[PDB]
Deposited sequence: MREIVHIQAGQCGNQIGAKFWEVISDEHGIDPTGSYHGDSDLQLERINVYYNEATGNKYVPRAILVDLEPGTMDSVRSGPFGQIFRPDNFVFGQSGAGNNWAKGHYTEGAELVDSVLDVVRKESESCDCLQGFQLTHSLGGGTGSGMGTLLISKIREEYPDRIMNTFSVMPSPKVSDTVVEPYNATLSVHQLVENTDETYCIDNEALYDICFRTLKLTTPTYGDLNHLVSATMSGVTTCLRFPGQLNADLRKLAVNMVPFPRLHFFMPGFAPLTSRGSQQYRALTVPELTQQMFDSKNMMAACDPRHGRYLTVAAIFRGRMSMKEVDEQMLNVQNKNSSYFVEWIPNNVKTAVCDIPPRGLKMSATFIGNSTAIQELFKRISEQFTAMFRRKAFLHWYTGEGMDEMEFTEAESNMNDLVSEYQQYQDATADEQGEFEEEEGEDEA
């Protein structure tokens, strides 16, 4: 299978989604008019994974843009590559979601979803062999969270045999507009547990800490955070856009990364971490496994790795990569579960990203991600115990038991991680 269909929902979803298309367009030699002016034939070998080919050698992202807020669609269109997207693939309402999961999932979002699905169906119908879907969104707002998960459920129903992966931005008080974000995220996580195959946990807590403490940015902006996000998304999709010699679609990668269906929430990482000299292979490996490089605010040494994938990019010794990857598993063997033999796998892509000769992307399936869910759960519970702002959600038809159910599902997920963190062979 080849084609991927990309969906971006809500303000965060469209912002990081636009950056993703800017970055991989540059990597593939596609300018803002869809024209290919690249220099290497490898830039076009797998271009169809993310781009439809139009007339006149014009490449159009296979991307659908969704928002209940009109303004966000205007800002994407004015962006560097705004004119590159298919105009009919903009699906937006006029009312907005007001940071309310219930509005995105049941009210304004429910009224718009069928229009989005019509565009999705049109893109899917023109795929030779659709791999599946990737969605960008935040969990803390209303549209990306509430309408995003509605979209996921509808797509799961219509395309049950296709992979569904998300890049899901987790809320943090360090980058926060409101205290209802734990509500919105907790309601969303239950949806992701059941209906996605892989979810990349992009934690605004971690992004902020990286910019502030590592990059020394005194006042991190969304642009600073998104610089880390786009680097990560480029690295995570490298194996599908520059496959080199590996022969793996989305499903094959999910099979080898997800031993238990609900435990599909990944800790992403990237080296080197940069703000807007080349590292050595040992430095890449060390930084990739360092807690400070993780895009989810969890300490890997507080859990165990079920599986790990790492993508190195650039010109480097394949043997040296093997030696360093071996050394990490040897010195810290206790942090990799022994009952999944050979659970750390790596690939090397010769083509480095923009501005870096050496880089590495880390994808960890670690039980330590429970720390992220416990953090959100503690905030959810603090709010829910005092029943704060519940009428904003019950006013859209929701039941208080739906909050109770979401709390229980969240803590069940945490319990499931703990079960495999303590297991032994």
Non-modelled portions of the deposited polymer sequence, in sequence order: 277 to 281, 431 to 445
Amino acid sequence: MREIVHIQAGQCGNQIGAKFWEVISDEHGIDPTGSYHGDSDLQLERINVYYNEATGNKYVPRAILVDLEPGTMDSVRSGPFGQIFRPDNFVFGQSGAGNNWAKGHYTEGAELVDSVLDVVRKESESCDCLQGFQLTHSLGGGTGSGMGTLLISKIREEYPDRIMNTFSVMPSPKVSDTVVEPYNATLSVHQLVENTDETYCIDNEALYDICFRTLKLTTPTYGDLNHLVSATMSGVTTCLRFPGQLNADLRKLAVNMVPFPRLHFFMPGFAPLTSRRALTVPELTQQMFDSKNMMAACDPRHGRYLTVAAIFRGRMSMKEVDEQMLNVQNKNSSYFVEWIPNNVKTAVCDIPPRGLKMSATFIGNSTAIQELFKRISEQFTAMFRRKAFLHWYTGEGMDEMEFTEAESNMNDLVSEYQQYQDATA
From here on, numbers count along this sequence of modelled residues.
Selected stretch [higher average CA B-factor]: 133 to 141 or 241 to 249: 241 to 249
Segment of higher mean CA temperature factor, 253 to 261 or 71 to 79: 71 to 79
Residue of maximum C-alpha B factor among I363, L65, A388, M398, per deposited coordinates: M398
Selection from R315, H105, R156, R301 [criterion: highest C-alpha temperature factor in the record]: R315
Chain-wide C-alpha B factor ranking for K174, given as lowest, middle or highest third: lowest
Third of the chain's Cα B-factor distribution that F212 belongs to, per the entry: middle
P272 - Cα temperature factor, lowest/middle/highest third of chain: middle
Relative C-alpha B-factor of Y36, binned into the chain's lowest, middle or highest third: highest
Where the record places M358 (Cα B-factor, split into thirds across the chain): highest
